[PDB]
Every structure is written in C-alpha cells, then in structure tokens.
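Student: Model the structure of this input:
(chains A, B, C and D, ligands or ions: 8)
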Amino acid sequence: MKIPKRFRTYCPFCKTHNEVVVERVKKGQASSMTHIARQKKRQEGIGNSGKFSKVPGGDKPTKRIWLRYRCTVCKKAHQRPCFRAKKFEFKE
Amino acid sequence: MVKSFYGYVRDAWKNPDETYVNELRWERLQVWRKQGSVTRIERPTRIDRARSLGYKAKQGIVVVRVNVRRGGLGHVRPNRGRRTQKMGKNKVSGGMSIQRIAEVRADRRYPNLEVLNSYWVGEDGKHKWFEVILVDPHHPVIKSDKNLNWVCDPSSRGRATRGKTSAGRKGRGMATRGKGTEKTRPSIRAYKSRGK
RNA sequence: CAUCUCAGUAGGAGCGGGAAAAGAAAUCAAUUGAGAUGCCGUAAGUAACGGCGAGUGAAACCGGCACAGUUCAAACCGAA
RNA sequence: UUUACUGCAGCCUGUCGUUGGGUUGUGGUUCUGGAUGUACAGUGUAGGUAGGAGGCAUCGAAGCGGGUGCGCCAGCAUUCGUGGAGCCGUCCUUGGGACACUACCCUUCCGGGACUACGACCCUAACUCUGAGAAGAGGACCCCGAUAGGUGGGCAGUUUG
Ligand SMILES: [Mg+2]
Ligand SMILES: [Mg+2]
Ligand SMILES: [Mg+2]
Ligand SMILES: [Mg+2]
Ligand SMILES: [Mg+2]
Ligand SMILES: [Mg+2]
Ligand SMILES: [Mg+2]
Ligand SMILES: [Zn+2]
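Tutor: Residues are numbered from 1 along each chain as shown, chains lettered A, B, ... in the order given. Ligands and ions are numbered 1, 2, ... in the order given. For reference, the structure is listed below:
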C-alpha cells in the first residue's frame, strides 16, 4: 500500500486543480483544562466515580490511515474520508 | 497619633510570631497544658478583643478558657453494608467548627449563665484554646443595665446550642446577603438542610 | 448496576416558647434604578446539574399580607 | 471462596505543623580588594563595552621583585619598594575586545559573613515514660493532625448474558 508524496488534486479553497502535499495526522495529547478534566476533578471523592473508573476499551484488528492533504499555494490543508490498511508505505 | 493602649495590644496580637508574644506563648503553653478542659480565669488574655465583643468589668460577667482537640470529626467505620460512597469516613471532616464545640462545652459546664462570644487565644500540635465570655442574667447589675438587659428574655435560653452566637451564624451560612445564601436564610431546616 | 436516585428522607443527640428562626446592605441591579426581614402568588419544570441516561432543580425583577427602627467598641472628659 | 469489577479499614513510606540552641561539608543567595579585561604582547592590562578619544605626571609617573588585584614571574597601579615618566593615541601593539582620569552600572573576586534547603554529630528547656515527690531515663526522635504513593477477600456493594 503506497501513495505518492505529491500529486495534483482539486483544492476546495482555491477551487482549482494544483499540487498538494500529503502527510500523516498524529493524534495529540488531551489537555487538562477542557471541561471533561474539570469534571473529572469535581467527581473525584470517596469510592467509585462513574465514567472515570471505566476500564479502557479494546481495539479493532486494523485502524484507518489518517492523512492530511495540504495545498502548496495557499498552504491550507483539508481532510478526506480515510481507508483501512495494515502496512502503509508512503511512496514519494 | 493619639492612640489608646487597646490599639497597641491589638497590634501586638496582630502578628504573634514576630513580637514579644511568642515568648509569652512559650511560657503559657506549659501552664495551660497542665490545666483541665474548662477553667475560669479572672482577666481576659486579650483585653481589646474582649472589649470589642461586649465585655465590661461588672459582676455577673465571667470569662473561661476552653480546650478543644484539633482535627476533623473522628468517625467510625460503618459496621454493616454501605454503598461505597457512604463507606468511607477517614477524609470526611465534620460540619461543625471548633469554636462552636468550645462554646457548647463551656455552656454545658455553667448551667445558669449564657454564652455571649469567644475568640482564639492559642494553639499547638494537639490542642486549641478559646476564651468564652459568659453573662449571668439573674444578677441585679445585669438587670439594671440598659445594654445587656436583652438577655433577661425568654428567647435567650440556650443561646449557644441553637446557633445564635456569632460563630453559630457564621456556621449557618448567614454571615452575608445575596448570591449563595438562597438556601441558608432564615434557617437551614426551612429548606430541608440543602444549604450548608 | 457502581456515579446518580430513594434523601438530608426514616432514625438519633442537644436546646427551647406560646410561637420560634430571620431582620436593618461591605445587597440586588445595568448603562440612568431600588432601598430591613418573614410569608403567599408568579418567574418555571425555565437557567443550571447529570453513565448529559433515568432523573434533580433555583433566584432576582413584579403583585400582595403586615410595617419600625436602633444599641455597643474607639477617638474627647477620667470615678462625675 | 478467589490472581472476577469497583472500593474501604489496618499497616509501610515522603512532605507540611507541633519544633528549639550549636558543630561543621554543601550551593547560590548575598558582598568586598582589581576592570580584574592579557594571545597579531605591551611604549599600555581590550581602565568591559565606550562621544573610536585627551585628562592625569618630582605640583608622582615607568619597566622589576617571592612576583601587589591578577596574568603570558610581561606590567596599566603607585602599593612594601625600585629606578626617579607611564602621558592620549590623529605612532591606535591601526584591535576577538585597541585601550586615557569624575567611574569598574557589569569577565570577576568570591572572610563568602549573611535567612534559607539538604546529610551527619552534639546540647537541653519544649515533649514522652517511670515515681507520692525529689529525681531518673530518652529527646527535638517518637506519638498526634493533614496530605501523597504503595500493599491490602481483613471487610462492603455488585456482576457472572
Ligand atoms: Mg467534659
Ligand atoms: Mg426572636
Ligand atoms: Mg426543659
Ligand atoms: Mg440576628
Ligand atoms: Mg436532592
Ligand atoms: Mg465479597
Ligand atoms: Mg441494592
Ligand atoms: Zn489551495
């Protein structure tokens, strides 16, 4: 499973066909100031705590490949529905 | 500045750790530890605070040092089956402050007088000390008085065990007005105790 | 079913009168105003909370009943 | 009942309070004696840097010592002297930085004195035990209040379609 580093595809902002650069979308780290974290602080007391003592869930046999297509003119990225592959070479 | 000596005493007790009062604390703590739970003392330890809280030099007015432990409400683990939220009791401090406990013990010791106010006078690693001002309502000097005859009334009995003192009203959530006091006035019981 | 709900309920300890509790803004408002407290009506099953599930859940403005404001500490005199 | 899910007592340990006085090893904090600042040296020591330079000087300025701040035992300071001129640099040692007094405000030097936090040791007056008491034995440790992490079928509520 390869895919070119660059190719020519419609840019939804420029509304024209021109080169794009493909890259990998890396999952960030959850911050501590969102309201879920504040709720987790407010709900920690004595004993059980509901959602925040849930065991972590399982996983699926193969995840999707999450990619971001960034234009080379306006530098504005856009995302597309992603396929599912095990080994993903990124064939420039 | 033309200033009374009550002001100087007030300043001296403003920051105890950085004046001559620290040495006096060192001497006094030993004598206080040797004493009992409740003790009658002739003069208040801090004159300015007592005069501010309504102390006068007359018959029928008594002042007492009470002794109360530190820490929260010492609570027992439930014997039978709780639900894991009511099962824990080690971190559950009380809902009653320590001044209130002190004044209630003083009231329990003196069955004929009535509590007026109290104030903080010292503390160490095991104990805290307060002084409680008590007034006798059946003494003629109090009866003749115009600023104290309100205590000779049939609604002032048990004034400390019904949360009518200043610390009691602090603990009832009625030290202020407005936002936050929706369920604390005119009483805790009136709203099914959802305030406090 | 564990947070939640049942519910500050049932129950317990203390105090206490013909009533008790509260009570004279370090308040509520919004551009500019009102002027102690209590109780009834409404706001309203709204805002808010919540395995955002089941459920829980106000206040202010406004209309009434009844109306009431004051006393110490200190600065000045020093036993009057 | 247990190495089922979630918790709670008990116990082990860090930190804060109770909690004081000294011995020193720690590090800056904080403070002096010199701009200490110096390789293409120097008549000069980049008196940081710098009005890319002009005031000092028998009315005090030099080469040298174990070497005086310090460094390249050179030499700006005048210090203990020593000869009895280093002057600025528009002779810039034509510069890493090129340099002159009212400025060193600042590489630094660092009795590091000073409050602080750590590891160890000593003392008694808090505190603890024993005794009717004198007193004796320990001692800022332990116990205690709070908080953080662990172990925990000792115990509780449930699930096991
Ligand atoms: Mg007792
Ligand atoms: Mg009343
Ligand atoms: Mg009775
Ligand atoms: Mg009142
Ligand atoms: Mg409720
Ligand atoms: Mg079991
Ligand atoms: Mg059940
Ligand atoms: Zn584009």
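
Student: most distant residue from the middle of chain B?
Tutor: residue B:81 (37.4 Å; Cα atoms, centre = their mean).

Student: Spatially central residue for chain A, please.
Tutor: Residue closest to the mean C-alpha point of chain A, counted by Cα atoms, centre = their mean, is residue A:25 at 4.8 Å.

Student: hang on, it packs against residue A:65?
Tutor: No - between residue A:25 and residue A:65 there is no contact under Cβ atoms under 8 Å: 9.2 Å. Where C-beta positions appear, they are placed from N, C-alpha and C, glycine not excepted.

Student: residue contacts, the closest residue to ligand 8 within chain A?
Tutor: Residue nearest to ligand 8 within chain A: residue A:71 (3.1 Å; Cβ to the ion). Applying Cβ atoms under 8 Å, 6 or more residues apart in numbering or on different chains to residue A:71 gives the contacts A:11, A:13, A:14, A:18, A:19, A:20, A:21, A:77, A:78.

Student: Also residue B:19?
Tutor: Taking Cβ under 8 Å, 6+ apart as the test, what residue B:19 contacts is residue B:12.

Student: Show me the helices in chain B, by range?
Tutor: Taking DSSP state H as the test, the helices found in chain B are B:5-14, B:21-34, B:47-52, B:98-109, B:140-144, B:166-171.

Student: wait, which of those helices is closest to ligand 8?
Tutor: Of all those, it is helix B:166-171 that lies closest to ligand 8, at 65.3 Å by Cβ to the ion.

Student: Which strands or helices does that closest one pack on?
Tutor: For helix B:166-171, the packing partners by 3 or more Cβ pairs under 8 Å, 6 or more residues apart in numbering or on different chains; DSSP states H and E come out as helix B:98-109.

Student: Only C-alpha atoms, please: export the helix it packs on in PDB.
Tutor: Extracted in PDB, the C-alpha atoms of helix B:98-109 (Å, rounded to 0.1, in the frame of the first residue of the first chain):
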ATOM      1  CA  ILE B  98     -14.100  24.200  66.700                       C
ATOM      2  CA  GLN B  99     -15.300  27.500  68.200                       C
ATOM      3  CA  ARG B 100     -18.800  26.100  68.300                       C
ATOM      4  CA  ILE B 101     -17.600  22.900  70.100                       C
ATOM      5  CA  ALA B 102     -15.700  25.100  72.600                       C
ATOM      6  CA  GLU B 103     -18.700  27.300  73.400                       C
ATOM      7  CA  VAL B 104     -21.000  24.300  73.800                       C
ATOM      8  CA  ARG B 105     -18.700  22.700  76.300                       C
ATOM      9  CA  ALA B 106     -18.500  25.900  78.200                       C
ATOM     10  CA  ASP B 107     -22.300  26.200  78.200                       C
ATOM     11  CA  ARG B 108     -22.600  22.600  79.400                       C
ATOM     12  CA  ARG B 109     -20.300  23.400  82.400                       C
END
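
Student: Good, wrapping up.
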